[PDB]
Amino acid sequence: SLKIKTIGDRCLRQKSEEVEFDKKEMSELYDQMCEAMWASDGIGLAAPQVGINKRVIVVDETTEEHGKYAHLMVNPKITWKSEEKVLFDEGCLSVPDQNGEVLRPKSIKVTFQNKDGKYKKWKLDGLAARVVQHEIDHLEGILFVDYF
């Protein structure tokens, strides 16, 4: 099963490597990441948090209308960030019992491969832009406490 690594583990500081997409393998990884994320009431997770230093994140988007759902983002890359910043109180399953206000760009554009291997580009803002930037930071060996 996937176990979530916590601050002090050096694998949280190693940069993650690009994935060559495989639909079946990503499906398995997706299922296990979602399970780990949701079991601890998270809304994002990066592969290095579960000991896999590959460039894969998941972002919750559970709704009343459609039920539990999360986006898979393989090799996510920010191609644009707004000049405008917003402050948000962050936490992290890999940094338990710590929170704090972090300034980041309010909106971004991100490219990635989805669950099905299609190349996507989305313009994100609000909470989606926040979770994506936090999760991509994990792939660069960055924890949110580094901003303080």
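Sequential numbering from 1, following the sequence displayed.
When the C-alpha B-factors of 103 to 111 and 63 to 71 are averaged, 63 to 71 comes out higher. Comparing the deposited coordinates for 6 to 14 and 135 to 143, the stretch with the larger average C-alpha B-factor is 6 to 14. Residue 48: CA B factor in the middle third of modelled residues in this chain (values from the PDB entry). Split the chain's modelled residues into thirds by C-alpha temperature factor. Residue 34 is in the middle one.
Residue-level temperature factors show residue 87 in the middle third of its chain, judged at the C-alpha atom.
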